[PDB]
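For this one, two forms of the same chain are given in structure tokens, first as structure 1 and then as structure 2.
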Structure 1
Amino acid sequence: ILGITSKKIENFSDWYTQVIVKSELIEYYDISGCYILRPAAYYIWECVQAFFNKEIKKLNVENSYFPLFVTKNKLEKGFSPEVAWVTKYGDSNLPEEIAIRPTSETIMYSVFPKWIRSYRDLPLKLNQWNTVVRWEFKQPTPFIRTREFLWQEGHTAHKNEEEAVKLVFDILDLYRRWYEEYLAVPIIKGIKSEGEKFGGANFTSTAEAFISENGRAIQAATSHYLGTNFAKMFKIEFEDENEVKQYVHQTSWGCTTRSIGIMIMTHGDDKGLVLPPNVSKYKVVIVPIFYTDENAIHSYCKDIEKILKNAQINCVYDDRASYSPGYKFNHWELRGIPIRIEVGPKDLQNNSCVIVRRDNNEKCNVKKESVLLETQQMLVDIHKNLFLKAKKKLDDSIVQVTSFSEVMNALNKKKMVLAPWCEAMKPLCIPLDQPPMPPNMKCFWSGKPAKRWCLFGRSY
């Protein structure tokens, strides 16, 4: 009951449920597919939100808030069974049903024509941090697929294709950094196939992550070039620099709290949650061991707490008298605190302490004067190690194939497949980083000549 009783490989699904609850990330809720985000989970969202905000602001993107509700006729300008409908206020029916936003396309693009008259009004760059609701038919999973989820949705409109297209890939790399620099998760940039892209999009760029334990790919984030599709539909036009009426070129992009789930599944182990330092409130936990003047142990630990905190490194000194040091060890490992500092009589004797990494459980005795410096670079190295170990697993999950039997073998081993492309397992994306393609290569399913490599696999 106390700790994680299932192993990540043996029973991944039950391991996941145990980790997210016992590490105090979420609480389950009496509405299926909805979950309470406890402070530990929301801190992660706050962090990546702060990062993403800073970066998109550099791209002159402005934050805004559009209404949670959209009327029936405006929404209705193959998704409808996912729409949640507000019908009643109190005991009175609404004259017209109103929908809860599943996304803000119809809400925003209905007003864009009013804001866009000439080239002078361009580019228009908007972003929202909000919630949307979708009554997912597929089985709900905490973070990964929820019926209400926090996200960010960006929407832009430009004078031409090139400015729009560049921003699409600018945003896509921000998503890359989002996962890499804060969640320590490696992702693959790519273009969706025509059958997998957002229907309203010209093309859909994507960031894909992969979970080796169940052999499933997860779309980490999206970034669409919408072209003039929505511009035509909503009559979003502007007057040229040459007085000619033109359609705007639009982009849209989004990343949700699914990112947190991807992080958990990536870095979590059999001991429980493992947090990248950049998304953990407490970077260090200080645990005291008695046998010995207790008050002297308190003074030493508090001194180290002051040293770290003064250097703007948030940490916690677990001085709860009712719990053994061993209990505290597991307590904070479970909650994913990157670093544990142990202080006992022996450490107090040499004016030193034991520092313990959460990721590989490596221990080392450091002098009190070197605690700060060693802590700082250890937090750096922990993030590097988490990312690199994760990248190795991602890379080792892809097999380059040129035949059907090679595909069957990879599918049976829960691997992803990199196959020739000439345009349940499905096409995931056409990776931006293309390996060389032999001149006379064919798709083994069509015989047509291959132009690029496509990534295939099962997905969430």
Structure 2
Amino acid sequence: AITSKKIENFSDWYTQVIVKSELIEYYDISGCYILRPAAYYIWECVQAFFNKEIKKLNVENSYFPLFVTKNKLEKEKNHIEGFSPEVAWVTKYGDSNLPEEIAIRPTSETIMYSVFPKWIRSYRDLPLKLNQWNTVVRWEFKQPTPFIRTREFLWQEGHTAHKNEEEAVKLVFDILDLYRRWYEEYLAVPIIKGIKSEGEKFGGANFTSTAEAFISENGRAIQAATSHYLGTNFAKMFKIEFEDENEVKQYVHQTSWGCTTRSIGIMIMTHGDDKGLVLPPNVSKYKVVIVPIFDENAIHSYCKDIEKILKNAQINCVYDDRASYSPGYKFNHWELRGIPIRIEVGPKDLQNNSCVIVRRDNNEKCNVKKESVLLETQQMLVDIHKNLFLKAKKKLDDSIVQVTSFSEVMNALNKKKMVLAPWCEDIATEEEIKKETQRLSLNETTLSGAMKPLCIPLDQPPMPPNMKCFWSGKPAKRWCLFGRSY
């Protein structure tokens, strides 16, 4: 059983759920986690979706080396200043020192763009559109969180190069909406699109667009995915020039974008409850578990009939016919593992040519005739997804408090909210705001009390004529979301 309540001890709840549902195994290197089959299956689902969608944009998958030389790694100025203390270095093979130490990729801009100039010489070579499915390493000494913040993680990283700004920026936002769909249609998680503040954008980017999620039970925002307009910054550093149709040398305009197995953690944190994992049907291997209750051969034959009915309509299920466990053990076993639907069959159900169908998300039960099971299961799978999404969306909406003064912020943070505030967007105020909110959090978590700029939402409320910045008192430019975060 899960022995900590989600609302009472969130972190212990989370670790219990991910271990006991067999998603995650811990490892003897801190910040590294094993993805067991149930977790990797979710990854494969979203991988298939995203592959299908980026193929329509003519992005092609590729694979680049795990390692980068000092030479290539330092061509980036703001980029390496961002990543340098968490880049892991290989220095030895066996007991012998390498002739030159080499670094493991934290992200692959410097690796890929080292060869982009050979591939791009003319406007005819554009656009160039690549993606990798790989793992990267960011070896930090902050507290890790399984799925959410790890030292090694699986992701996809896309990289494109275009003849001008307009085409690149359009691709940036097309990708951002694909991430919206990845979260909503497969994980049933709502996100907020926005632009990062200057202090929080990717090193080397012109701007960083972002999808933000929020975990209302512990008041913490989590960046769900990211899509950068790099402009010509990397093209200047790596000399990625092309001859345009007027025979003029130009720099390419670049994008890069990423989304990780953090998405799985966001889904777990969003939908999981005190009984364990709750899976949206689109990322659940088994849509239905059939559990018999005890003639035992009549029940066996009936449950296998139902299994045939579901599998014949391409609905994968499992009939838990294990002889040594009670029905209630099985109920709990499969609720912990997040199976969306349980079908129960006892003798009274068989006599009625009926069965009991039980939704994982709200535990509502109903009697369904045998011949109606297929249809009723299909409808229910759809309705479960919608319910999960809508419940999460209400929580997301209820997590935002609009403020005009810093005097309202701490109260909102302590109620596990984010704030939407008018802001002048000056980069120095970012650190000032972080430090003051951290200082004032003195009035249970292990994570920091500091509030960060999360994103400037694409959907802006009107800015009244003379509204001042909630922090500096200077004229406010736009509304920006702030909160504590992972």
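Throughout, rigid core stands for the largest set of C-alpha atoms superposing within 1.5 Å between the two forms. Numbers given to residues start at 1 and step along the sequence of structure 1.
Task: Rigid core fit then residue 450 CA moved by 2 Å or more between the two structures - done: Yes; residue 450 is a residue whose C-alpha shifts (by 2 Å or more) between the two structures when the cores are overlaid.
- [ ] Taking the rigid core as the superposition reference, indicate whether the CA of residue 437 shifts 2 angstroms or more between the two structures.
- [x] Superposed on the core, residue 437 moves its C-alpha 2 Å or more between the two structures.
Task: Core-aligned CA shift between the two structures for residue 102 (Å) - done: Displacement of the C-alpha, rigid core superposed: 0.7 Å.
Open item on the list: Once both forms are fitted on the core, what is the Cα shift for residue 196 between the two structures in Å?
Closed with: Superposing on the rigid core gives a C-alpha shift of 1.1 Å for residue 196.
Task: Angstrom displacement of the CA atom of residue 72 between the two structures, core fixed - done: Here residue 72 registers a C-alpha shift of 2.3 Å.
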